[PDB]
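Following: one structure in structure tokens, then a few remarks.
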Amino acid sequence: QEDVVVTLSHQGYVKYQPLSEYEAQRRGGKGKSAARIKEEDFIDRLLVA
DNA sequence: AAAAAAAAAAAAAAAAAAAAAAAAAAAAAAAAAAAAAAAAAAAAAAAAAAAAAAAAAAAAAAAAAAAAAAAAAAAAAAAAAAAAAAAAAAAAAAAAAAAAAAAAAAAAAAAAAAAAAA
């Protein structure tokens with residue numbers, strides 16, 4: 001269907017795409033949700049919603 | 001001269017393949033539109049350049065949203081067990097150039113035969 005989905009591409013080999021509803025609201029001041037996106041000595045570049 | 005293996009007799013067991021004819025689909029190989037890409041012309045918006053200017057960082061200082069401290073409480077993520085996906089390492093292989101052995105054409109010359117001359 002059309003459902004809001006996240007996508008991100010990193011340096012090297014990443015085109016991972018999780019669903020948007022897994023992450024919940026937070027108050028600005030805490031952050032650090034620690035998403036689970038394994039990366040071996042590369043750098044993230046892009047996120048899209 | 002001893003050993004061993006093929007082949008053939010006849011009732012039994014058990015298999016395999018080539019084509020025709022029409023109509024539909026599925027691979028697989030081509031011309032041919034159609035658009036990127038590239039070479040070589042003229043052409044034209046941007047940087048340069050200069051003078052002239054006035055809009056936002058400094059500075060004084062209050063005060064009001066703040067980030068550390070304290071506390072309680074919820075429970076995301078990390079590391080350890082197992083269980084699947086997916087890719088290099090190494091080894092193997094079927095056609096394929098190289099070599100060697102047998103079939104068909106070749107004439108030189110003669111044995112045997114057929115035929116005829118005087």
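Each chain in the structure tokens gets a letter, A, B, ..., in the order shown, and its residues are numbered from 1; ligands are numbered from 1 in order too.
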Interface list for chain A, partner chain B, 10 Å threshold, only C-alpha atoms (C1' of nucleotides), as JSON, numbers by chain
{"A": [29, 33, 34, 35, 36]}
Could those residues be written to a file, using N, CA and C atoms, as a JSON list (two decimals), in the first residue's frame?
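Okay, part_17.json is ready:
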```
[["chain", "number", "residue", "atom", "x", "y", "z"],
["A", 29, "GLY", "N", 15.36, 16.84, 23.89],
["A", 29, "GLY", "CA", 16.16, 16.93, 25.09],
["A", 29, "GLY", "C", 16.78, 15.62, 25.52],
["A", 33, "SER", "N", 17.84, 7.21, 20.55],
["A", 33, "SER", "CA", 16.97, 6.04, 20.45],
["A", 33, "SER", "C", 17.71, 4.77, 20.07],
["A", 34, "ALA", "N", 18.92, 4.88, 19.52],
["A", 34, "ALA", "CA", 19.76, 3.73, 19.21],
["A", 34, "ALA", "C", 19.07, 2.78, 18.23],
["A", 35, "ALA", "N", 18.83, 3.29, 17.02],
["A", 35, "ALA", "CA", 18.35, 2.44, 15.95],
["A", 35, "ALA", "C", 19.38, 1.37, 15.65],
["A", 36, "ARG", "N", 18.90, 0.29, 15.03],
["A", 36, "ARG", "CA", 19.69, -0.92, 14.81],
["A", 36, "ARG", "C", 19.95, -1.00, 13.31]]
```
Could you pull out the strand (DSSP E) residues of chain A, going by DSSP on the backbone, and write them as an MDAnalysis selection string?
chainID A and resid 7:10 44:48
For residue 41 (chain A): contacts at 12 Å, only C-alpha atoms (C1' of nucleotides), fewer than 3 positions along chain excluded, given as a ChimeraX atom specification
/A:10-13,38,44
Write the selection just made, keeping N, CA, C and O atoms, as a PDB file, in the first residue's frame?
```pdb
ATOM      1  N   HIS A  10      23.859   4.731   2.911  1.00  0.00           N
ATOM      2  CA  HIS A  10      25.096   5.050   3.607  1.00  0.00           C
ATOM      3  C   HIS A  10      26.260   4.826   2.654  1.00  0.00           C
ATOM      4  O   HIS A  10      26.092   4.292   1.556  1.00  0.00           O
ATOM      5  N   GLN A  11      27.448   5.245   3.083  1.00  0.00           N
ATOM      6  CA  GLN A  11      28.649   4.981   2.305  1.00  0.00           C
ATOM      7  C   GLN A  11      28.892   3.483   2.216  1.00  0.00           C
ATOM      8  O   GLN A  11      28.936   2.787   3.234  1.00  0.00           O
ATOM      9  N   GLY A  12      29.047   2.996   0.987  1.00  0.00           N
ATOM     10  CA  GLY A  12      29.221   1.582   0.721  1.00  0.00           C
ATOM     11  C   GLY A  12      27.956   0.912   0.227  1.00  0.00           C
ATOM     12  O   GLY A  12      27.460   1.243  -0.854  1.00  0.00           O
ATOM     13  N   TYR A  13      27.421  -0.021   1.020  1.00  0.00           N
ATOM     14  CA  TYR A  13      26.338  -0.921   0.608  1.00  0.00           C
ATOM     15  C   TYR A  13      25.206  -0.860   1.629  1.00  0.00           C
ATOM     16  O   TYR A  13      25.139  -1.699   2.532  1.00  0.00           O
ATOM     17  N   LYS A  38      23.316  -1.771  11.247  1.00  0.00           N
ATOM     18  CA  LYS A  38      24.722  -2.134  11.366  1.00  0.00           C
ATOM     19  C   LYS A  38      25.545  -1.444  10.286  1.00  0.00           C
ATOM     20  O   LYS A  38      25.136  -1.383   9.121  1.00  0.00           O
ATOM     21  N   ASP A  44      26.946   7.348   7.448  1.00  0.00           N
ATOM     22  CA  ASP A  44      25.627   7.545   6.863  1.00  0.00           C
ATOM     23  C   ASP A  44      25.584   8.846   6.073  1.00  0.00           C
ATOM     24  O   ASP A  44      26.245   9.828   6.422  1.00  0.00           O
TER      25      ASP A  44
END
```
CA of residue 21 (chain A) and CA of residue 37 (chain A) are how many Å apart?
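Calculated distance between CA of residue 21 (chain A) and CA of residue 37 (chain A) is 16.2 Å.
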List the spatial neighbours of residue 6 (chain A) as a list in words - criterion: any atom at most 10 Å away, only C-alpha atoms (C1' of nucleotides), same-chain residues fewer than 5 positions off excluded.
residues 16, 17, 18, 19, 20, 21, 47, 48 and 49 of chain A
Please, what distance in Å, to one decimal, runs between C1' of residue 17 (chain B) and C1' of residue 95 (chain B)?
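It comes out at 26.6 Å.
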Atom-to-atom span, CA of residue 14 (chain A) and CA of residue 40 (chain A), Å:
11.0 Å
Nearest residue to residue 39 (chain A) out of A:22, A:27, A:9, A:3, using only C-alpha atoms?
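That would be A:9, the residue with the smallest distance to residue 39 (chain A).
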